[PDB]
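Enquirer: My structure is stored as work.txt, with compact mmCIF, C-alpha atoms.
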```txt
# COMPACT_ATOMS: atom_id res chain seq x y z
CA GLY B 1 26.40 -10.09 16.45
CA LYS B 2 25.22 -6.82 14.85
CA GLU B 3 21.80 -5.50 15.92
CA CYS B 4 22.21 -1.96 14.54
CA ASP B 5 22.04 -1.76 10.73
CA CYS B 6 22.09 2.05 11.06
CA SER B 7 23.98 4.59 13.20
CA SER B 8 21.25 7.26 13.44
CA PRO B 9 18.53 6.43 16.00
CA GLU B 10 16.23 9.08 14.48
CA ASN B 11 16.23 7.10 11.21
CA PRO B 12 12.74 5.90 10.21
CA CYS B 13 14.03 3.19 7.85
CA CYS B 14 15.81 1.24 10.62
CA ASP B 15 13.94 0.55 13.87
CA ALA B 16 15.43 2.71 16.65
CA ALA B 17 15.08 0.06 19.38
CA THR B 18 16.64 -2.57 17.07
CA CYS B 19 18.59 0.04 15.03
CA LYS B 20 17.82 -2.25 12.07
CA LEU B 21 15.54 -2.11 9.01
CA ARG B 22 12.05 -2.73 10.42
CA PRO B 23 10.20 -3.12 7.11
CA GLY B 24 11.50 -4.96 4.01
CA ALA B 25 13.89 -2.06 3.31
CA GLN B 26 17.39 -3.28 2.34
CA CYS B 27 19.43 -0.49 3.97
CA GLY B 28 18.52 2.54 6.11
CA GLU B 29 21.61 4.60 5.32
CA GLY B 30 24.35 4.19 2.69
CA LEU B 31 25.42 5.29 -0.82
CA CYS B 32 23.92 2.15 -2.40
CA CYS B 33 20.68 2.68 -0.44
CA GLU B 34 18.08 3.96 -2.93
CA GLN B 35 14.63 4.22 -1.31
CA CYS B 36 16.01 2.13 1.58
CA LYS B 37 16.76 -0.46 -1.12
CA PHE B 38 20.13 -1.72 -2.41
CA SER B 39 21.07 0.25 -5.54
CA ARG B 40 23.05 -1.74 -8.14
CA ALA B 41 26.64 -3.03 -8.30
CA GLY B 42 29.12 -1.33 -10.64
CA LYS B 43 27.95 1.97 -9.12
CA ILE B 44 30.64 4.67 -8.92
CA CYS B 45 30.07 5.20 -5.17
CA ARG B 46 33.46 6.94 -4.97
CA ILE B 47 35.86 8.47 -7.52
CA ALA B 48 39.59 7.97 -6.87
CA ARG B 49 42.32 10.34 -8.11
CA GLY B 50 45.56 9.29 -9.84
CA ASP B 51 45.40 6.08 -11.89
CA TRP B 52 43.52 3.25 -10.13
CA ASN B 53 40.03 1.69 -10.19
CA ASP B 54 37.18 3.90 -8.92
CA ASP B 55 34.83 2.52 -6.23
CA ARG B 56 31.83 0.64 -7.66
CA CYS B 57 28.86 -0.61 -5.58
CA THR B 58 28.72 -4.41 -5.39
CA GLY B 59 24.93 -4.37 -5.93
CA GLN B 60 24.37 -6.13 -2.58
CA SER B 61 26.34 -3.55 -0.56
CA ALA B 62 25.11 -0.22 0.85
CA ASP B 63 28.29 1.31 2.31
CA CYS B 64 30.89 2.02 -0.39
CA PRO B 65 34.22 0.65 0.81
CA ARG B 66 37.70 1.73 -0.34
CA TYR B 67 40.67 0.10 -2.10
CA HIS B 68 43.63 2.51 -2.15
```
Translate the structure described by the file into structure tokens.
Expert:
Amino acid sequence: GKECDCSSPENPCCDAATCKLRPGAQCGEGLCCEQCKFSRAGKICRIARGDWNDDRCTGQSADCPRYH
């Protein structure tokens, strides 16, 4: 059970007591969080080096994950 959508308690987007988005904001902190909203998928959230696939937001994700 996750009750903290954010790690910073001083964040206004996510309630401090419930560490979660209080309003209709999608995310309080993240690379795909534009205006506390989910940016769009296919977003180069991270650029890899070498010869693989860069990191692209999934549209419904806020924290850009990794692959290699």
Enquirer: Which residue is closest to residue 32 in chain B? Choose from B:68, B:10, B:16, B:44 and count all atoms listed in the file.
Expert: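 Distance minimum relative to residue 32 in chain B lands on B:44.
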Enquirer: Could you tell me how far CA of residue 33 in chain B sits from CA of residue 66 in chain B, in Å to one decimal place?
Expert: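 CA of residue 66 in chain B sits 17.0 Å away from CA of residue 33 in chain B.
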Enquirer: Please list, as a list in words, the residues that have an atom at most 9 Å away from (34.5, 0.6, -9.5) in the coordinates of this file, counting all atoms listed in the file.
Expert: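 These residues have at least one counted atom within 9 Å: residues 41, 42, 43, 44, 45, 46, 47, 53, 54, 55, 56, 57 and 58 of chain B.
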Enquirer: Might you pull out every residue within 8 Å of residue 60 in chain B, with only C-alpha atoms counted and same-chain residues fewer than 6 positions away left off, and present them as JSON, numbers by chain?
Expert: {"B": [38, 39, 40, 41]}
Enquirer: Separation of CA of residue 23 in chain B and CA of residue 9 in chain B, in Å?
Expert: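 Computing it gives 15.5 Å between the two atoms.
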Enquirer: To one decimal in Å, tell me the separation between CA of residue 21 in chain B and CA of residue 1 in chain B.
Expert: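 It comes out at 15.4 Å.
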Enquirer: Need to verify the contact set: residue 2 in chain B, 12 Å, only C-alpha atoms, exclusion of same-chain residues closer than 3 positions in sequence. Can you return it as an mmCIF file with C-alpha atoms, in the frame of the given file?
Expert:
```cif
data_model
loop_
_atom_site.group_PDB
_atom_site.id
_atom_site.type_symbol
_atom_site.label_atom_id
_atom_site.label_comp_id
_atom_site.auth_asym_id
_atom_site.auth_seq_id
_atom_site.Cartn_x
_atom_site.Cartn_y
_atom_site.Cartn_z
ATOM 1 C CA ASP B 5 22.040 -1.760 10.730
ATOM 2 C CA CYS B 6 22.090 2.050 11.060
ATOM 3 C CA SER B 7 23.980 4.590 13.200
ATOM 4 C CA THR B 18 16.640 -2.570 17.070
ATOM 5 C CA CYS B 19 18.590 0.040 15.030
ATOM 6 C CA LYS B 20 17.820 -2.250 12.070
#
```
Enquirer: Compare B:36, B:24, B:48, B:31 by their minimum atom-to-atom distance to residue 64 in chain B, counting only C-alpha atoms, and give me the closest one.
Expert: B:31
